[PDB]
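In: Only the shape, not the letters, is given here:
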Ligand SMILES: CO[C@H]1/C=C/O[C@@]2(C)Oc3c(C)c(O)c4c(O)c(c(/C=N/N5CCN(C)CC5)c(O)c4c3C2=O)NC(=O)/C(C)=C\C=C\[C@H](C)[C@H](O)[C@@H](C)[C@@H](O)[C@@H](C)[C@H](OC(C)=O)[C@@H]1C
């Protein structure tokens, strides 16, 4: 996802936008995966 | 001038005098009827939407005191699109999290064990908007489809 | 911003009247390009002698 | 491999934003009264035909988007809601189209009507912006014809989907008046006295401010319309000489018609001349550009050129794509290798 | 002695200054001053040292 | 009556203004207007009441 | 003024002073045969408009004392906006009680000045004109009584 | 920013400056001190001279160099072309003339004049002709400056 935020030029800041949102959020996914979903699973399930 | 006899010559004697336009280059009309208007361009770098809010808010203050039957009408204007526009995409962002609740039902089949994956989707998103905000970015079309793809 | 000079001068050469020549008398810039080449040289030697 | 190569690229899709524009370009120096005729003809087409979509038409005559004049006007068309307009016959992508062929027919002057490209404050309208430039003080004449040369060659080469035009200079008949300083300074007339008269009456004068209804405004001396429309009206103006005797213009003047420009353009400080044009469905955008430069070498001496707008943003953009995707390939590999502890297992997930 | 910017004119298409000075002669030494005569009400040129 | 600012002069190495207006004695009451005369076309002093 | 005269009297004089301006990409300009210059300096992307505008201005200013009194009089203007319209605002009268002449003027005198002062409004265009005291001379009369427009 | 504060304070002085210094100069800009380079320009074959070239560069290449990326100020070694009247007092005083008379004559015989148009701004309802009126014009040739009736 990141190598497109490195386009530069008039485009670049078009893509740079996508890249950022996706690579953030995706980290918040990995972060949440380890905190919310592990508990909250073992707090409600089966 | 005054001249020999008592007759004096006033300006009015050698020229019609009337209230009239600084320059007659621009005649407008709104559906073939008599009109006027301000054509407004956006300050370089300014926020289109925020600025429009104000152009309106000012106009708001001006109406109470117009003459007899003078009405503001809003011809051209890009603003409402951008609004409807991004909001349509925000719709296709809710309904997609509601349509992930269902597919977590045809494979799981529990009221409160379907949430655990669908209640950790709009957690991850809400926090992006926040990270967006930190990194100075906007909620723009590019930035929403960035989130629908994210889903 | 010294490429720019010559890249512009380039541009305005062809339309010069008969027998007009740009010369580059006093220009501090090829000193930069050497000064730096040298200090790269000592970087490889510095690796070499280690 | 193919499919990919058998696919056209692009930037961002056009969108029906529920508003569009419509130009009105009259043949340079045509009366505003005539420009209204067009405008009204335009107004009614929308208001009657497209009646099911067009909710409002704010038609403005006199207003040039980069060229003020009597020969120009613009119409701001706003449609009803997107809801009330099903199917692509009710999108701007066609509402326009139809209107374009609806005018650009029963006419004498050209009437471009179109939806403006989304997210493209000058970006990708896959045309080019050739600026034709004078670089040895040739003059306006030369440059005009020098461009006519390039313009006419570009005609011979339509073999690359093109529409190569200028930005509407096109000289226009204008009326010279040569005051005879000498005849005047001999008839006891001051040139200044002459000058103000012709000026002030024919191009009004801004004298000073007055107050109208608590606002400061401006005062203007000028002629009345009907004593300044045809050249045989300069007859009407006399001018008082020092002996008090009233002399008529035709005693220190003289005139003949001529051709001159109603718009002088310049680029980077030099008299220039902008040429637009494109590559539609056919050759590459940088192929077109190339040809242009080559016949731009044929052009007479002292004539040069440069690229502006979108054609400036072509020859720069940072560093391409299959290069920043090779650095992605490498970087994805090493990551899997890193995880899987091998050079071998990466090729399992990358494939 | 100083010259004076008067107007602009159009040289080959580019606006340039239009000055008015004096040949270098009668614009050098303290006696040159004498050479310049100033007209008067009546109609007589007067020696600058009047 | 109001005072007018004519131009500058240098006072001890410093530029400073030069104003010009009626001494206080001749600019107090409406009945003081009388005092002021203006040289007309032919060159005869005229009173304000005129 | 006529296009050539606009150019050779305003335009040329202005361009000639445009320089030592950071991040300047290129500079195009028009001279109408209405009598209207539009010199427009495009800046490299990322550049600070606030400053770009500052620098553009500091040069104009050196030229200013050289433009005809007539042009100063009208007010030369330096703005920073997009070429395109953000919006158009319409004003009509439903009684039919006012003219095109009046609605332009109402607008001008009563509504324009604040919108243009509104932060973010880089440019305003008045579709029509404010009033002015119009002295439409007649040249026969003017002669009858032995008077020039002077 | 430094540029700006400097320009902001400079304004408070401007009013108090001789309205001749004002009438001309006053510039505030980001100075350096050392020429980065000195691109000079010669002629190989007598078709050009000091004044000849020193004006080519002046009026053909300076403006664009002085406007290229990264470029600071630009000191031009020599001087651009000017219409040059070199007065003769003996020939003058002979025909009973002061340099005034000359300056006047120039100011009067070389100068560009505005002049409105046929089919003007607001036209009489009929009307079907619109074009510029081109009055007096600027003098371009060493020769025409020769013929200034004095
Ligand atoms: C790709 O760009 C397009 C849209 C930009 O979008 C938009 C919103 O922003 C614009 C910019 C930034 C311009 O700079 C511009 C412009 O410079 C121009 C006209 C048009 N004016 N006409 C109307 C009345 N009258 C003032 C003169 C002519 C424009 O409308 C625009 C324009 C707007 O439209 N040119 C003139 O005013 C002059 C002095 C001469 C032109 C003569 C010929 C007639 C034109 O060149 C024709 C052949 C076409 O070139 C255009 C119609 C283009 O459309 C197409 C299909 O090619 C148009 C530029």
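Out: Okay, I see it. Residues are numbered from 1 along each chain as shown, chains lettered A, B, ... in the order given.
In: which non-adjacent residue is nearest residue D:293?
Out: Leaving out its chain neighbours, the residue that sits closest to residue D:293 by CB to CB, 6 or more residues apart in numbering or on different chains is residue D:305, at 7.1 Å. Bear in mind the C-beta positions are built from the backbone N, C-alpha and C, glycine included.
In: So what are the sheet partners of the helix or strand harbouring that neighbour and their directions?
Out: When elements are assigned from DSSP states H and E, residue D:305 belongs to strand D:303-307. Strand D:303-307 has the following sheet partners, assigned by DSSP bridges: strand D:127-134 (antiparallel).
In: What sits closest to residue G:42 if chain neighbours are left out?
Out: Sequence neighbours aside, residue G:25 is the residue nearest to residue G:42 in space, at 4.8 Å (criterion: CB to CB, 6+ apart).
In: tell me the SS of the one you found?
Out: Here residue G:25 is strand, with the state taken from DSSP: H, G, I helix; E, B strand; the rest coil.
In: dump the residue contacts of it.
Out: Contacts for residue G:25 were tallied using CB atoms under 8 Å, 6 or more residues apart in numbering or on different chains; they are D:312, G:42-44.
In: give me that answer again for 10 Å
Out: By CB atoms under 10 Å, 6 or more residues apart in numbering or on different chains, residue G:25 lies in contact with D:308, D:312-313, G:41-45, G:47, H:69.
In: Kindly report the same for residue D:333.
Out: D:343, D:346-347, D:349-350.
In: again, only using 6 Å
Out: By CB atoms under 6 Å, 6 or more residues apart in numbering or on different chains, the contact set of residue D:333 is residue D:346.
In: State the helix or strand in which it lies.
Out: Using DSSP H and E, residue D:333 sits in helix D:326-340.
In: Show me which residues of the very next helix or strand once past that helix are buried.
Out: Remark: after helix D:326-340, the chain's next helix or strand is helix D:346-350, criterion DSSP H and E. Of the residues in helix D:346-350, residue D:346 count as buried by neighbour count, 16 or more other CB atoms under 10 Å in any protein chain shown.
In: Check which helices and strands helix D:346-350 sits against.
Out: Using 3 or more CB pairs under 6 Å, 6 or more residues apart in numbering or on different chains; DSSP states H and E as the contact test, the elements touching helix D:346-350 are helix D:326-340.
In: distance between the helix it packs on and the chain's centre?
Out: Averaging C-alpha positions (CA atoms, centre = their mean, to the nearest Å) puts helix D:326-340 51 Å from its chain's average.
In: mind listing what's buried in that helix?
Out: Neighbour-count burial for helix D:326-340 flags D:328, D:336 (criterion: 16+ other CB under 10 Å).
In: cool, and stretch D:186-205?
Out: Under the neighbour-count criterion of 16+ other CB under 10 Å, stretch D:186-205 has D:187, D:189-191, D:193-205 buried.
In: give me the number of residues near whatever residue of chain G ends up closest to the ligand?
Out: As assessed by CB to the nearest ligand atom, the ligand sits closest to residue G:83 within chain G, at 4.7 Å. Residues contacting residue G:83 under the criterion other CB atoms under 10 Å in any protein chain shown number 11.
In: Shouldn't it be within a strand?
Out: Yes - residue state for residue G:83 (three-state DSSP) corresponds to a strand.
In: from what I can see the residue nearest to residue D:293 touches residue D:296, true?
Out: Yes - Residue D:305 is within contact range of residue D:296, at 4.8 Å (criterion: CB atoms under 6 Å).
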